[PDB]
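Next come C-alpha coordinates for two forms of one protein chain, structure 1 first, structure 2 second.
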Structure 1
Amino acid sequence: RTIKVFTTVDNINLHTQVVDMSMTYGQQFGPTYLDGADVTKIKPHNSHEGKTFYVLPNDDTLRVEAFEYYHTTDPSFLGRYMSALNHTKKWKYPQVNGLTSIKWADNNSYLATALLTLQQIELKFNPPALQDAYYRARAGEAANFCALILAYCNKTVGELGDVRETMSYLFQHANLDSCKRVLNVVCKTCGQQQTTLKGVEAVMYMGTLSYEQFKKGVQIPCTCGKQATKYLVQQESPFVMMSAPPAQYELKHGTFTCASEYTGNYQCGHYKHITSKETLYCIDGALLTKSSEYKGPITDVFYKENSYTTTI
(Lines of atoms letter the chains of each structure in order from A and count residues from 1; the text may use other names and numbers.)
(Lines give C-alpha, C1' and ligand atoms only; values in the text may rest on other atoms or scores of the structure.)
Protein backbone atom coordinates (compact mmCIF):
# COMPACT_ATOMS: atom_id res chain seq x y z
CA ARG A 1 0.00 0.00 0.00
CA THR A 2 1.20 3.54 -1.04
CA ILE A 3 0.53 7.37 -0.76
CA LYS A 4 1.12 10.30 -3.22
CA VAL A 5 3.71 13.07 -2.36
CA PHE A 6 5.58 15.82 -4.30
CA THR A 7 9.40 15.94 -4.59
CA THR A 8 11.01 19.31 -5.60
CA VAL A 9 14.25 21.37 -5.32
CA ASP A 10 12.73 24.88 -6.01
CA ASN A 11 9.08 24.51 -4.75
CA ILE A 12 8.21 25.66 -8.35
CA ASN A 13 8.63 22.42 -10.41
CA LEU A 14 6.68 19.83 -8.27
CA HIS A 15 7.16 16.14 -9.37
CA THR A 16 4.40 13.60 -8.47
CA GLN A 17 5.84 10.48 -6.74
CA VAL A 18 4.06 7.33 -5.38
CA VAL A 19 5.92 6.16 -2.19
CA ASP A 20 5.93 2.53 -0.93
CA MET A 21 5.08 3.02 2.82
CA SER A 22 7.23 -0.07 3.81
CA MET A 23 10.50 1.74 2.75
CA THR A 24 12.09 4.98 4.18
CA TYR A 25 11.93 8.18 2.01
CA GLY A 26 15.76 7.77 1.86
CA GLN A 27 15.35 4.31 0.21
CA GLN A 28 13.27 5.93 -2.63
CA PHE A 29 14.60 9.58 -3.12
CA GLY A 30 17.92 9.71 -1.19
CA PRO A 31 18.23 12.71 1.21
CA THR A 32 14.63 14.03 1.82
CA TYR A 33 13.37 17.05 3.87
CA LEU A 34 9.86 18.16 5.07
CA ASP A 35 10.07 21.99 5.72
CA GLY A 36 13.75 21.59 6.83
CA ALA A 37 13.13 18.45 8.97
CA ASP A 38 15.41 15.58 7.69
CA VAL A 39 12.83 12.75 6.97
CA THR A 40 15.42 10.58 5.09
CA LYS A 41 15.45 7.64 7.60
CA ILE A 42 11.67 8.04 8.48
CA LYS A 43 8.95 5.71 7.01
CA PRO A 44 6.05 7.65 5.34
CA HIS A 45 3.17 8.62 7.76
CA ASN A 46 -0.45 8.82 6.40
CA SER A 47 -0.53 12.61 7.21
CA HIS A 48 2.09 13.10 4.37
CA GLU A 49 -0.43 12.56 1.44
CA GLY A 50 -0.31 15.56 -0.99
CA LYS A 51 2.57 17.39 0.87
CA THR A 52 5.79 18.73 -0.83
CA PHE A 53 9.29 17.34 0.07
CA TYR A 54 12.71 18.83 -0.92
CA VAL A 55 15.27 16.23 -2.24
CA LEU A 56 18.99 16.24 -3.25
CA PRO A 57 19.26 16.85 -7.05
CA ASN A 58 20.00 13.23 -8.19
CA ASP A 59 19.11 13.47 -11.95
CA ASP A 60 19.78 15.90 -14.87
CA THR A 61 16.19 17.38 -14.57
CA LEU A 62 16.39 18.25 -10.79
CA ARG A 63 20.00 19.59 -11.37
CA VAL A 64 18.81 22.06 -14.10
CA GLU A 65 15.81 23.16 -11.93
CA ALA A 66 18.06 23.64 -8.83
CA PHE A 67 20.80 25.74 -10.56
CA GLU A 68 18.11 27.88 -12.30
CA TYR A 69 16.71 28.68 -8.77
CA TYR A 70 19.86 28.90 -6.51
CA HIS A 71 22.64 29.77 -9.09
CA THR A 72 24.93 27.11 -7.42
CA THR A 73 25.84 23.46 -8.32
CA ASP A 74 27.25 23.00 -4.73
CA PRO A 75 25.91 19.54 -3.69
CA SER A 76 25.80 20.40 0.09
CA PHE A 77 23.50 23.48 -0.41
CA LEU A 78 19.99 21.99 0.27
CA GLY A 79 21.57 20.15 3.25
CA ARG A 80 22.86 23.41 4.88
CA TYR A 81 19.76 25.43 3.68
CA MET A 82 17.17 22.93 5.05
CA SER A 83 19.27 22.43 8.27
CA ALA A 84 19.19 26.27 8.82
CA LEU A 85 15.44 26.60 7.90
CA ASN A 86 14.64 23.84 10.48
CA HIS A 87 15.78 26.42 13.14
CA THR A 88 14.71 29.76 11.43
CA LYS A 89 11.00 28.70 11.16
CA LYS A 90 11.09 28.42 15.04
CA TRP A 91 12.34 32.07 15.53
CA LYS A 92 9.85 34.98 16.12
CA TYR A 93 9.76 37.94 13.62
CA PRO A 94 8.43 41.12 15.33
CA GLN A 95 7.69 44.20 13.11
CA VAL A 96 7.61 48.04 13.41
CA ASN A 97 5.31 49.32 10.59
CA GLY A 98 6.40 46.38 8.35
CA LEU A 99 10.14 46.53 9.31
CA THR A 100 10.92 42.93 10.50
CA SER A 101 13.62 42.08 13.15
CA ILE A 102 14.25 38.69 14.93
CA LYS A 103 13.75 37.93 18.67
CA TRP A 104 17.27 36.95 19.93
CA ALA A 105 17.99 33.16 19.66
CA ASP A 106 21.12 31.07 18.77
CA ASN A 107 23.41 34.18 18.59
CA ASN A 108 21.31 35.57 15.66
CA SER A 109 21.90 39.35 16.36
CA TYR A 110 24.13 39.77 13.21
CA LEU A 111 21.53 38.00 10.96
CA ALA A 112 18.77 40.23 12.50
CA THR A 113 20.84 43.41 11.82
CA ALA A 114 21.62 42.19 8.24
CA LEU A 115 17.89 41.31 7.68
CA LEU A 116 16.74 44.79 8.91
CA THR A 117 19.44 46.51 6.73
CA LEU A 118 18.38 44.52 3.58
CA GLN A 119 14.77 45.87 3.97
CA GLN A 120 15.94 49.55 3.74
CA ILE A 121 18.41 49.47 0.76
CA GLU A 122 17.49 49.08 -2.98
CA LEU A 123 19.15 45.74 -3.88
CA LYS A 124 18.26 43.30 -6.74
CA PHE A 125 19.37 39.63 -6.23
CA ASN A 126 20.26 37.31 -9.19
CA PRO A 127 19.41 33.80 -7.84
CA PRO A 128 15.56 33.69 -8.10
CA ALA A 129 15.61 31.85 -4.68
CA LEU A 130 17.08 35.00 -2.97
CA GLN A 131 14.82 37.49 -4.94
CA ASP A 132 11.65 35.41 -4.13
CA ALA A 133 12.63 35.10 -0.39
CA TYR A 134 13.70 38.83 -0.29
CA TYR A 135 10.19 39.97 -1.45
CA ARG A 136 8.52 37.68 1.19
CA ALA A 137 10.94 38.95 3.92
CA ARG A 138 9.81 42.61 3.27
CA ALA A 139 6.17 41.33 3.64
CA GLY A 140 6.99 39.76 7.10
CA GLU A 141 7.39 35.98 6.29
CA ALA A 142 11.22 36.19 6.62
CA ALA A 143 12.32 32.78 8.15
CA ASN A 144 13.11 31.40 4.65
CA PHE A 145 15.24 34.46 3.62
CA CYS A 146 17.28 34.04 6.88
CA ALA A 147 17.94 30.31 6.09
CA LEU A 148 19.05 31.23 2.49
CA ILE A 149 21.28 34.07 3.88
CA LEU A 150 22.91 31.54 6.30
CA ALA A 151 23.41 28.95 3.48
CA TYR A 152 24.76 31.41 0.78
CA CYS A 153 27.14 32.95 3.42
CA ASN A 154 28.09 29.36 4.48
CA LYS A 155 27.41 30.13 8.19
CA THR A 156 25.33 27.88 10.58
CA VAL A 157 22.64 28.61 13.22
CA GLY A 158 24.57 29.18 16.51
CA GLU A 159 27.87 30.47 14.94
CA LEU A 160 28.81 34.10 15.84
CA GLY A 161 28.82 36.48 12.81
CA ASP A 162 29.97 39.81 11.28
CA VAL A 163 27.34 42.03 9.50
CA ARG A 164 29.96 43.45 7.03
CA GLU A 165 31.25 39.92 6.18
CA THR A 166 27.59 38.78 5.56
CA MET A 167 26.74 41.80 3.26
CA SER A 168 30.08 41.19 1.40
CA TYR A 169 29.01 37.51 0.72
CA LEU A 170 25.41 38.50 -0.34
CA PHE A 171 26.54 41.43 -2.59
CA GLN A 172 28.31 38.79 -4.81
CA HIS A 173 24.77 37.40 -5.59
CA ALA A 174 23.31 40.92 -6.32
CA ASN A 175 23.26 42.87 -9.65
CA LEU A 176 25.54 45.90 -8.90
CA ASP A 177 26.77 46.31 -12.54
CA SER A 178 25.19 49.85 -12.89
CA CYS A 179 27.09 50.92 -9.67
CA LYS A 180 30.17 53.14 -10.37
CA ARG A 181 32.55 54.99 -7.96
CA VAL A 182 35.35 57.47 -8.99
CA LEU A 183 38.05 58.36 -6.36
CA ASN A 184 41.11 60.71 -6.41
CA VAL A 185 44.16 59.71 -4.26
CA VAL A 186 46.39 62.84 -3.76
CA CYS A 187 49.99 62.00 -2.66
CA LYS A 188 52.87 64.57 -2.89
CA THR A 189 55.29 62.01 -4.56
CA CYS A 190 52.90 59.74 -6.65
CA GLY A 191 51.00 62.96 -7.66
CA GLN A 192 47.19 62.67 -8.20
CA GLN A 193 45.66 59.30 -9.32
CA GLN A 194 41.98 58.78 -10.39
CA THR A 195 40.59 55.17 -10.16
CA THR A 196 37.09 54.07 -11.43
CA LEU A 197 35.50 51.14 -9.45
CA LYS A 198 32.48 48.95 -10.47
CA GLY A 199 30.13 46.54 -8.58
CA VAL A 200 30.76 45.58 -4.91
CA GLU A 201 33.81 47.93 -4.52
CA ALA A 202 31.72 50.93 -5.77
CA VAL A 203 29.35 50.66 -2.71
CA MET A 204 31.60 49.38 0.20
CA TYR A 205 34.39 51.41 1.92
CA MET A 206 36.25 50.43 5.18
CA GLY A 207 37.99 53.35 7.01
CA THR A 208 35.23 55.91 7.89
CA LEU A 209 31.48 55.79 8.86
CA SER A 210 30.94 59.38 7.54
CA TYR A 211 29.77 59.73 3.88
CA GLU A 212 30.21 63.54 4.22
CA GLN A 213 33.91 63.03 5.26
CA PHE A 214 34.60 60.59 2.33
CA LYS A 215 33.25 63.38 -0.01
CA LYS A 216 35.74 66.07 1.25
CA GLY A 217 38.66 63.66 1.95
CA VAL A 218 40.13 61.05 4.40
CA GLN A 219 43.86 60.51 5.27
CA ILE A 220 45.19 57.01 4.33
CA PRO A 221 48.80 55.67 4.45
CA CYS A 222 50.27 55.37 0.87
CA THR A 223 52.96 53.04 -0.70
CA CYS A 224 55.35 56.09 -0.81
CA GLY A 225 55.81 56.16 3.03
CA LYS A 226 53.73 59.19 4.16
CA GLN A 227 50.00 60.21 4.07
CA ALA A 228 47.87 60.70 0.89
CA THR A 229 44.26 62.08 0.81
CA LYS A 230 41.52 59.84 -0.75
CA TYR A 231 38.26 61.68 -1.69
CA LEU A 232 35.05 60.84 -3.66
CA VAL A 233 34.77 62.46 -7.16
CA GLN A 234 31.62 60.72 -8.53
CA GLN A 235 29.19 58.07 -7.11
CA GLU A 236 26.31 56.34 -9.04
CA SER A 237 24.47 53.72 -6.88
CA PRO A 238 21.10 53.41 -5.04
CA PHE A 239 22.97 53.15 -1.64
CA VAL A 240 26.51 53.27 -0.15
CA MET A 241 27.87 51.20 2.80
CA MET A 242 30.47 53.01 5.03
CA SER A 243 32.23 50.76 7.61
CA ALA A 244 35.04 51.31 10.19
CA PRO A 245 36.29 49.60 13.39
CA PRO A 246 33.64 50.03 16.16
CA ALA A 247 33.91 53.66 17.44
CA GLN A 248 31.74 55.95 19.63
CA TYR A 249 29.77 57.79 16.87
CA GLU A 250 26.85 60.30 16.97
CA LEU A 251 23.97 59.47 14.53
CA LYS A 252 21.96 62.63 13.56
CA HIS A 253 18.33 61.86 12.46
CA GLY A 254 17.62 62.30 8.68
CA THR A 255 21.39 62.22 7.77
CA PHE A 256 21.63 58.40 7.13
CA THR A 257 19.40 55.36 6.26
CA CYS A 258 20.43 52.81 8.97
CA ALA A 259 23.56 51.68 10.96
CA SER A 260 25.07 48.66 12.86
CA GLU A 261 26.16 49.05 16.53
CA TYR A 262 28.74 46.56 17.93
CA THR A 263 29.26 46.24 21.74
CA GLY A 264 32.05 43.72 22.59
CA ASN A 265 35.49 42.63 21.24
CA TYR A 266 36.98 40.24 18.58
CA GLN A 267 36.04 37.19 20.78
CA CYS A 268 32.38 37.81 21.87
CA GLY A 269 30.03 40.75 21.07
CA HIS A 270 26.43 41.83 20.27
CA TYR A 271 24.85 43.86 17.39
CA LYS A 272 21.99 46.41 17.63
CA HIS A 273 20.34 48.09 14.58
CA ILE A 274 19.79 51.93 14.49
CA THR A 275 17.46 53.29 11.71
CA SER A 276 16.24 56.87 10.99
CA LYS A 277 12.40 56.84 10.59
CA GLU A 278 10.25 59.74 12.04
CA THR A 279 12.81 59.68 14.95
CA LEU A 280 15.82 57.37 15.74
CA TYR A 281 14.88 53.70 16.41
CA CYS A 282 17.28 51.38 18.32
CA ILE A 283 16.18 47.74 17.50
CA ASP A 284 17.93 45.19 19.82
CA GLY A 285 16.25 42.04 18.38
CA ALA A 286 12.65 42.15 19.74
CA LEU A 287 13.17 45.31 21.94
CA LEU A 288 12.50 48.79 20.38
CA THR A 289 13.60 52.20 21.85
CA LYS A 290 13.02 55.69 20.30
CA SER A 291 15.22 58.82 20.90
CA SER A 292 15.70 62.23 19.13
CA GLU A 293 19.52 61.66 19.40
CA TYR A 294 21.85 58.58 19.53
CA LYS A 295 25.53 57.97 20.47
CA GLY A 296 27.13 54.46 20.61
CA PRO A 297 29.75 52.09 19.10
CA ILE A 298 28.80 52.21 15.34
CA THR A 299 30.72 49.95 12.87
CA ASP A 300 28.57 50.14 9.63
CA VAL A 301 26.42 53.09 8.26
CA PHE A 302 24.20 52.88 5.09
CA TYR A 303 23.26 56.07 3.16
CA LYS A 304 20.64 56.72 0.41
CA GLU A 305 22.28 57.78 -2.95
CA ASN A 306 21.29 58.28 -6.65
CA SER A 307 24.10 60.16 -8.53
CA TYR A 308 26.70 62.53 -6.88
CA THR A 309 29.42 64.61 -8.67
CA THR A 310 31.96 66.56 -6.49
CA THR A 311 32.68 70.39 -6.71
CA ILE A 312 36.56 70.35 -6.44
Structure 2
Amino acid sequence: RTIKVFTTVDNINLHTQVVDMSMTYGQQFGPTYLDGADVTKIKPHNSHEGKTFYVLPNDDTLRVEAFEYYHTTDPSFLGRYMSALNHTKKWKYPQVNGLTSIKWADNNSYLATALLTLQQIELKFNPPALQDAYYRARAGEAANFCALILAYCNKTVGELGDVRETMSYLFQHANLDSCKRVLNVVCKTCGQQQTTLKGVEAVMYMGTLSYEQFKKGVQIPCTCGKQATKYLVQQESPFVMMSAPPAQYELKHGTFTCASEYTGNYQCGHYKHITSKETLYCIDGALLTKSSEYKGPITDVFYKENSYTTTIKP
Protein backbone atom coordinates (compact mmCIF):
# COMPACT_ATOMS: atom_id res chain seq x y z
CA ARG A 1 0.00 0.00 0.00
CA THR A 2 1.14 3.58 -0.66
CA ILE A 3 -0.20 7.01 0.16
CA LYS A 4 1.37 10.36 -0.63
CA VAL A 5 2.43 12.66 2.21
CA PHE A 6 4.61 15.74 2.64
CA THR A 7 7.71 16.21 4.77
CA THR A 8 9.20 19.47 5.99
CA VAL A 9 11.47 21.03 8.58
CA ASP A 10 10.09 24.59 8.39
CA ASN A 11 6.44 24.08 7.29
CA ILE A 12 7.42 26.16 4.24
CA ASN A 13 9.34 23.84 1.91
CA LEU A 14 7.25 20.67 1.60
CA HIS A 15 8.58 17.41 0.15
CA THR A 16 6.46 14.80 -1.66
CA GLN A 17 7.03 11.32 -0.26
CA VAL A 18 5.99 7.72 -0.93
CA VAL A 19 5.43 5.76 2.28
CA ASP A 20 5.19 1.98 2.67
CA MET A 21 2.16 1.54 4.87
CA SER A 22 3.47 -1.70 6.39
CA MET A 23 6.22 0.21 8.07
CA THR A 24 6.31 2.90 10.69
CA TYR A 25 7.09 6.56 10.14
CA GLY A 26 10.29 6.14 12.13
CA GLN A 27 11.37 3.20 9.97
CA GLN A 28 11.20 5.22 6.71
CA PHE A 29 11.80 8.76 7.95
CA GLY A 30 13.27 8.58 11.43
CA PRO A 31 11.66 10.66 14.18
CA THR A 32 8.51 12.08 12.60
CA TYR A 33 5.94 14.55 13.93
CA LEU A 34 2.44 15.65 12.88
CA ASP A 35 1.77 19.05 14.50
CA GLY A 36 3.72 18.10 17.62
CA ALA A 37 2.41 14.56 18.05
CA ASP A 38 5.19 11.98 17.83
CA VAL A 39 4.16 9.45 15.17
CA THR A 40 7.48 7.59 15.03
CA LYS A 41 5.87 4.41 16.50
CA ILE A 42 2.96 4.88 14.02
CA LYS A 43 2.40 3.37 10.55
CA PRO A 44 0.67 5.44 7.86
CA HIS A 45 -3.11 5.70 7.89
CA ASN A 46 -5.40 6.62 5.02
CA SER A 47 -6.37 9.78 6.92
CA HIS A 48 -2.75 10.94 6.62
CA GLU A 49 -3.00 11.17 2.79
CA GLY A 50 -1.94 14.67 1.71
CA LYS A 51 -0.89 15.71 5.22
CA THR A 52 2.43 17.37 6.09
CA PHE A 53 4.90 15.87 8.59
CA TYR A 54 7.87 17.31 10.47
CA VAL A 55 11.05 15.22 10.50
CA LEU A 56 14.60 15.62 11.66
CA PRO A 57 17.20 17.00 9.25
CA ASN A 58 18.50 13.59 8.12
CA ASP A 59 19.97 14.78 4.80
CA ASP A 60 21.94 17.94 4.29
CA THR A 61 19.14 19.69 2.39
CA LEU A 62 16.87 19.46 5.44
CA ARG A 63 19.76 20.74 7.59
CA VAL A 64 20.27 23.70 5.22
CA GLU A 65 16.56 24.54 5.37
CA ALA A 66 16.45 24.05 9.13
CA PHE A 67 19.29 26.46 9.92
CA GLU A 68 17.84 29.23 7.75
CA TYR A 69 14.47 29.10 9.49
CA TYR A 70 15.60 28.51 13.09
CA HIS A 71 19.21 29.87 13.18
CA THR A 72 20.51 27.00 15.30
CA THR A 73 22.62 23.89 14.73
CA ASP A 74 21.09 21.97 17.64
CA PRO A 75 19.58 18.85 16.07
CA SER A 76 17.44 18.41 19.19
CA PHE A 77 15.62 21.69 18.46
CA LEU A 78 12.90 20.10 16.32
CA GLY A 79 11.98 17.38 18.81
CA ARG A 80 11.90 19.90 21.66
CA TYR A 81 9.85 22.42 19.68
CA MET A 82 7.54 19.63 18.52
CA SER A 83 7.28 18.34 22.09
CA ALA A 84 6.37 21.84 23.28
CA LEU A 85 3.91 22.45 20.41
CA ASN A 86 2.00 19.24 21.30
CA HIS A 87 1.06 21.05 24.55
CA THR A 88 0.90 24.74 23.59
CA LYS A 89 -1.51 23.90 20.72
CA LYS A 90 -4.00 22.97 23.46
CA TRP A 91 -3.59 26.17 25.49
CA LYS A 92 -6.17 28.96 25.32
CA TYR A 93 -4.95 32.33 24.00
CA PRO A 94 -7.68 34.86 24.84
CA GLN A 95 -7.61 38.50 23.83
CA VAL A 96 -7.34 40.48 27.08
CA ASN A 97 -7.47 44.29 26.73
CA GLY A 98 -6.47 43.97 23.08
CA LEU A 99 -3.46 41.72 23.74
CA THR A 100 -2.94 38.00 23.23
CA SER A 101 -2.58 36.26 26.60
CA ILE A 102 -2.63 32.62 27.73
CA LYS A 103 -5.07 30.89 30.04
CA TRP A 104 -2.99 29.49 32.89
CA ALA A 105 -1.80 25.90 32.45
CA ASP A 106 1.45 23.99 32.95
CA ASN A 107 3.08 26.82 34.95
CA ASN A 108 2.99 29.18 31.97
CA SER A 109 2.30 32.37 33.95
CA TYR A 110 5.84 33.56 33.20
CA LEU A 111 5.20 32.80 29.52
CA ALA A 112 1.94 34.77 29.57
CA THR A 113 3.62 37.78 31.20
CA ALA A 114 6.50 37.60 28.71
CA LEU A 115 4.22 37.26 25.67
CA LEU A 116 2.20 40.25 26.90
CA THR A 117 5.35 42.37 27.20
CA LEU A 118 6.68 41.38 23.76
CA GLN A 119 3.50 42.90 22.30
CA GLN A 120 4.13 46.34 23.85
CA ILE A 121 7.83 46.93 23.07
CA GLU A 122 9.43 47.65 19.69
CA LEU A 123 11.30 44.53 18.64
CA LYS A 124 12.06 42.34 15.62
CA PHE A 125 13.41 38.79 15.60
CA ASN A 126 16.20 37.52 13.35
CA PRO A 127 15.30 33.82 12.89
CA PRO A 128 12.35 33.64 10.46
CA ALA A 129 10.61 31.01 12.60
CA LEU A 130 10.55 33.49 15.47
CA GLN A 131 9.40 36.52 13.46
CA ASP A 132 6.75 34.49 11.60
CA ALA A 133 5.31 33.02 14.81
CA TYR A 134 5.72 36.40 16.53
CA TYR A 135 3.44 37.97 13.91
CA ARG A 136 0.88 35.18 14.32
CA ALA A 137 0.99 35.50 18.12
CA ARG A 138 0.03 39.17 17.88
CA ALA A 139 -2.85 38.07 15.64
CA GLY A 140 -3.99 35.60 18.33
CA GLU A 141 -2.39 32.32 17.15
CA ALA A 142 0.38 32.10 19.74
CA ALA A 143 0.75 28.31 20.08
CA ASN A 144 3.74 28.04 17.74
CA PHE A 145 5.36 31.18 19.17
CA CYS A 146 5.14 29.84 22.73
CA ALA A 147 6.51 26.43 21.74
CA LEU A 148 9.41 28.16 19.98
CA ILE A 149 10.12 30.27 23.07
CA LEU A 150 10.47 27.10 25.14
CA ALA A 151 12.75 25.48 22.55
CA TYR A 152 14.99 28.56 22.34
CA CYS A 153 15.10 28.80 26.15
CA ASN A 154 15.77 25.05 26.62
CA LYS A 155 12.66 25.04 28.83
CA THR A 156 9.94 22.40 28.91
CA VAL A 157 6.18 22.56 29.36
CA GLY A 158 5.18 22.60 33.02
CA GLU A 159 8.64 23.71 34.14
CA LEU A 160 8.75 26.89 36.20
CA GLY A 161 10.29 29.95 34.61
CA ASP A 162 11.65 33.44 35.14
CA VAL A 163 10.41 36.28 32.93
CA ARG A 164 13.72 38.19 33.07
CA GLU A 165 15.59 35.02 32.18
CA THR A 166 13.13 34.27 29.37
CA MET A 167 13.58 37.73 27.85
CA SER A 168 17.35 37.24 28.08
CA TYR A 169 17.24 34.25 25.72
CA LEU A 170 14.83 35.91 23.30
CA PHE A 171 16.78 39.18 23.15
CA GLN A 172 19.69 37.12 21.78
CA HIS A 173 17.58 36.37 18.69
CA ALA A 174 16.32 39.92 18.18
CA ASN A 175 18.26 42.61 16.32
CA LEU A 176 19.43 44.84 19.18
CA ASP A 177 23.08 45.43 18.22
CA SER A 178 22.14 49.05 17.48
CA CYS A 179 21.37 49.41 21.20
CA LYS A 180 24.07 51.13 23.23
CA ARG A 181 24.52 51.88 26.93
CA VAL A 182 27.30 53.74 28.74
CA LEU A 183 27.73 53.69 32.52
CA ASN A 184 30.02 55.56 34.91
CA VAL A 185 30.94 53.81 38.18
CA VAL A 186 32.19 56.70 40.43
CA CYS A 187 33.99 55.32 43.48
CA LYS A 188 35.41 57.79 46.01
CA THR A 189 38.81 56.01 46.01
CA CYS A 190 38.72 53.63 43.05
CA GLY A 191 37.60 56.35 40.67
CA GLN A 192 35.23 56.92 37.74
CA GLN A 193 34.94 53.69 35.78
CA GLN A 194 33.21 53.65 32.41
CA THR A 195 31.64 50.74 30.52
CA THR A 196 30.11 50.54 27.04
CA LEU A 197 27.67 47.71 26.34
CA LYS A 198 26.31 46.57 22.96
CA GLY A 199 23.30 44.41 22.26
CA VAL A 200 21.28 42.47 24.80
CA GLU A 201 23.39 43.80 27.69
CA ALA A 202 22.51 47.37 26.62
CA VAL A 203 18.76 47.08 27.36
CA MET A 204 18.70 44.99 30.57
CA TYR A 205 19.59 45.93 34.13
CA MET A 206 19.36 43.88 37.36
CA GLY A 207 19.25 45.93 40.56
CA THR A 208 16.49 48.55 40.62
CA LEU A 209 13.08 49.14 39.06
CA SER A 210 13.17 52.94 38.70
CA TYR A 211 14.66 54.34 35.49
CA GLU A 212 14.83 57.96 36.69
CA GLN A 213 16.66 56.80 39.83
CA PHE A 214 18.95 54.79 37.54
CA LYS A 215 19.65 58.08 35.73
CA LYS A 216 20.29 59.95 38.99
CA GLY A 217 22.55 57.33 40.55
CA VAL A 218 22.68 54.18 42.68
CA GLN A 219 25.25 52.99 45.19
CA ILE A 220 26.90 49.58 44.75
CA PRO A 221 29.52 48.13 47.14
CA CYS A 222 32.89 48.33 45.43
CA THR A 223 35.41 45.52 45.03
CA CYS A 224 37.77 47.52 47.28
CA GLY A 225 35.64 47.65 50.42
CA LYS A 226 33.65 50.87 50.34
CA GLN A 227 30.53 52.06 48.50
CA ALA A 228 30.45 53.22 44.87
CA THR A 229 27.97 55.20 42.76
CA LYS A 230 26.38 53.91 39.54
CA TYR A 231 24.52 55.96 36.93
CA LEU A 232 23.54 55.95 33.25
CA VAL A 233 25.42 58.15 30.76
CA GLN A 234 23.87 57.33 27.36
CA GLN A 235 20.97 55.06 26.42
CA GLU A 236 20.28 54.36 22.74
CA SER A 237 17.53 51.74 22.57
CA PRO A 238 13.78 51.49 21.90
CA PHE A 239 13.11 50.28 25.46
CA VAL A 240 14.78 49.35 28.75
CA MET A 241 13.98 46.43 31.08
CA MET A 242 14.70 47.28 34.72
CA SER A 243 14.64 44.24 37.01
CA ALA A 244 14.85 43.90 40.80
CA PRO A 245 14.20 41.02 43.21
CA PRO A 246 10.45 40.91 43.98
CA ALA A 247 9.67 43.71 46.43
CA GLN A 248 6.68 45.91 47.18
CA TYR A 249 6.69 48.67 44.59
CA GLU A 250 4.31 51.47 43.68
CA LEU A 251 3.36 51.57 40.00
CA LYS A 252 2.43 55.11 38.92
CA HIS A 253 0.23 55.53 35.86
CA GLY A 254 1.81 56.92 32.71
CA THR A 255 5.39 56.49 33.95
CA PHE A 256 6.10 53.08 32.39
CA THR A 257 5.02 50.74 29.60
CA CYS A 258 4.39 47.47 31.44
CA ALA A 259 5.63 45.55 34.45
CA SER A 260 5.90 42.06 35.93
CA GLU A 261 4.40 41.24 39.33
CA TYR A 262 5.61 38.14 41.17
CA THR A 263 3.72 36.96 44.26
CA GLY A 264 4.62 33.97 46.39
CA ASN A 265 7.88 32.20 47.06
CA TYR A 266 9.91 29.09 46.17
CA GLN A 267 7.71 26.64 44.18
CA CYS A 268 4.56 28.70 44.89
CA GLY A 269 5.28 31.82 42.83
CA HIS A 270 2.96 33.36 40.27
CA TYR A 271 3.29 36.11 37.66
CA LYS A 272 0.86 38.88 36.81
CA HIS A 273 1.22 41.54 34.12
CA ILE A 274 0.52 45.23 34.73
CA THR A 275 0.21 47.57 31.75
CA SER A 276 -0.32 51.34 31.58
CA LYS A 277 -3.09 52.47 29.24
CA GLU A 278 -5.83 55.01 29.95
CA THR A 279 -5.70 53.51 33.46
CA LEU A 280 -3.83 50.66 35.16
CA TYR A 281 -4.70 47.16 33.92
CA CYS A 282 -3.69 43.90 35.61
CA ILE A 283 -3.76 40.87 33.31
CA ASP A 284 -3.53 37.53 35.15
CA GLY A 285 -3.76 34.84 32.49
CA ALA A 286 -7.31 35.05 31.16
CA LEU A 287 -8.38 37.34 34.03
CA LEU A 288 -8.39 41.13 33.91
CA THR A 289 -8.76 43.81 36.57
CA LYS A 290 -8.21 47.57 36.47
CA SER A 291 -7.42 50.30 39.00
CA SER A 292 -6.27 53.88 39.20
CA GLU A 293 -3.55 53.04 41.79
CA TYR A 294 -1.30 49.98 42.11
CA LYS A 295 1.21 48.71 44.69
CA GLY A 296 2.60 45.18 44.58
CA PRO A 297 5.66 42.91 44.48
CA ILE A 298 7.18 44.01 41.17
CA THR A 299 10.26 42.35 39.69
CA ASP A 300 10.43 43.82 36.15
CA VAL A 301 9.42 47.21 34.72
CA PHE A 302 9.69 48.19 31.04
CA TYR A 303 10.13 51.76 29.81
CA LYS A 304 10.11 53.43 26.41
CA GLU A 305 13.38 54.91 25.18
CA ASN A 306 14.98 56.36 22.07
CA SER A 307 18.10 58.31 23.02
CA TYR A 308 19.02 59.59 26.48
CA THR A 309 21.77 62.00 27.47
CA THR A 310 22.81 62.46 31.09
CA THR A 311 23.41 65.75 32.92
CA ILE A 312 26.35 64.39 34.93
CA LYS A 313 29.86 65.75 34.32
CA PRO A 314 32.75 63.28 33.85
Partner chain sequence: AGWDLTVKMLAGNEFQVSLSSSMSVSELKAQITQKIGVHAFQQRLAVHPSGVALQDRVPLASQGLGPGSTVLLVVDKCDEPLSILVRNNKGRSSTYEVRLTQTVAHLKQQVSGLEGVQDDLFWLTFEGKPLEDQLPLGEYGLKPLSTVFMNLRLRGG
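Shifts are known only where both forms have a C-alpha. Along the sequence of structure 1, residues get numbers from 1 upward. Here, rigid core means the biggest group of C-alpha atoms that superpose within 1.5 Å across both forms.
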Structure number, where the criterion is the form deposited with the partner chain bound: 1
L160 C-alpha shift between structure 1 and structure 2 of 2 Å or more, rigid core reference: no
Core-aligned C-alpha movement of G98 between structure 1 and structure 2 reaching 2 Å: yes
Core-superposed comparison between structure 1 and structure 2, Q248 Cα displacement 2 Å or beyond: no
Cα displacement of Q193 between structure 1 and structure 2, core-superposed (Å): 2.1
Distance the CA of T117 travels between structure 1 and structure 2 [rigid core superposed, Å]: 0.9
Core-superposed comparison between structure 1 and structure 2, runs of at least 3 residues with CA shifts of 2 Å or more: 96-98, 266-268
